[PDB]
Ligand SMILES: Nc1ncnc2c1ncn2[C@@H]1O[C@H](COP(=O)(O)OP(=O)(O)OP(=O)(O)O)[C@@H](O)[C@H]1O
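Here you get one chain, nothing else, as structure tokens; it is the form deposited without this ligand.
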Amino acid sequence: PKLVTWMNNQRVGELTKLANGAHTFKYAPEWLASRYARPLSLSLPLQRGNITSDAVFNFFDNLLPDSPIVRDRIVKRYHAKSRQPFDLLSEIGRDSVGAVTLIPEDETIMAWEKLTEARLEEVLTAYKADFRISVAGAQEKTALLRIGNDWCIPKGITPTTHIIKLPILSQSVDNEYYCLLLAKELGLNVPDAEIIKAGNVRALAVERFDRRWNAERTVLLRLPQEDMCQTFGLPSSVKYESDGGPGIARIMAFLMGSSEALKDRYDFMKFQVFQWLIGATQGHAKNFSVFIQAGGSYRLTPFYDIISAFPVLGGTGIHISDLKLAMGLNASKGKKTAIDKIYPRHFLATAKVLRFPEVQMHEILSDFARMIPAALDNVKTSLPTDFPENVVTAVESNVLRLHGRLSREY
């Protein structure tokens, strides 16, 4: 059938699934007529006819969790017609990443339901074992609306405000909380987050940057954005560079066209050094996104889904020398990927071939060189008393070891 695509009460167009299985999208005339029109994706440019490219299927598929196990749970929950994407979005497409609201064609203000601690625990635990929310991730996360100090279920098409993550890596909630705090302390653009507790559940609540309250707090708006697989028209299956996905060079080139090119290229390169320092090995293409602005211009969103592989070291069998960056750097004979083998020279060499000013690359390295020690100390003040000590020890010790390569040079 057809899923009507809305962006904050404005009709954008309709998604169709053909009898032959193909997915097509058509923009609404009224959307195309606006002087402030913007495409749903840079892979789906504004145009009048039916769009039938694989970019249509890929774009909407990328709104859903990557995991087949998670999709099975979704079908079971809402009695979805099938496992196919169009049918999943027919059930949970009301509140998605970005501003796309999908509502069945056979269907015709701000309100919410406050959750008691008991009902919150109930709602959240239900995920490990008016609620049509879809979240893009690797595990099974959901979303809720925060009103003051209470967690709530939005009614109708009222949006959510926070992405909620449960433990994966049994300490992933604590791991990400720590990494988000550290990134913020070092000047990176990342969302604020908090550890929430509902009875026996411990989850991470991350503020959404694809949502914005108006000044009077009477309307909560959704903000359009898409991830790198979506912008390049790619399936989530190629999110890693080794599978054909975009790496540093492709993304840096794309950012030359951002409405904030200078700042975004600098922030993206700074984030590569940060990931190296904290041992983040899952910085694939879906971990980066851009806001789509009026007319189709774009700029990088904050970074997110940040987790260190350091707390997983030793434990089973993973060794420090086994940790690799998802997006490799330039090396004299190819690429440099091992965190334990990377030095300032690799970042400078990468900057050189990508036309990123050497003075800017030096500034980034020198800033981490003098700020890291104090930043690791400052984060402690924001950790609860029940925060796992092994996570702090693992990350701190390894960050300091690599930081030594920066301080010696700067």
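Throughout, we count residues from 1 along the sequence that is shown.
If you look for the form solved in complex with this ligand, you will not find it shown, but the lines that follow are about it.
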Task: Steric status of site, this ligand superimposed as seen in the bound PDB entry, threshold 2.4 angstroms to backbone or C-beta - done: blocked
Task: Residues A136, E207 and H284 all lining this ligand in the bound PDB entry, heavy atom within 4.5 Å - done: yes
Task: Among 313-321, 158-166, 143-151, 79-87, the region lying within 4.5 Å of this ligand in the bound PDB entry by heavy atom distance - done: 158-166
Open item on the list: By the heavy atom within 4.5 Å rule, which residue out of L234, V173, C179, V97 makes contact with this ligand in the bound PDB entry?
Closed with: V97
Task: Among the candidates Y266, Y304, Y127, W112, the residue which, in the bound PDB entry, approaches this ligand to within 4.5 Å (heavy atoms) - done: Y304
Open item on the list: Quick check on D54: any heavy atom within 4.5 Å of this ligand in the bound PDB entry?
Closed with: no
TODO: Would you check, heavy atoms only and a 4.5 Å threshold, whether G247 touches this ligand in the bound PDB entry?
DONE: no
- [ ] Indicate whether this ligand has at least one heavy atom within 4.5 Å of a heavy atom of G328 in the bound PDB entry.
- [x] no
Open item on the list: Please determine whether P224 contacts this ligand in the bound PDB entry, using a 4.5 Å cut-off between heavy atoms.
Closed with: no
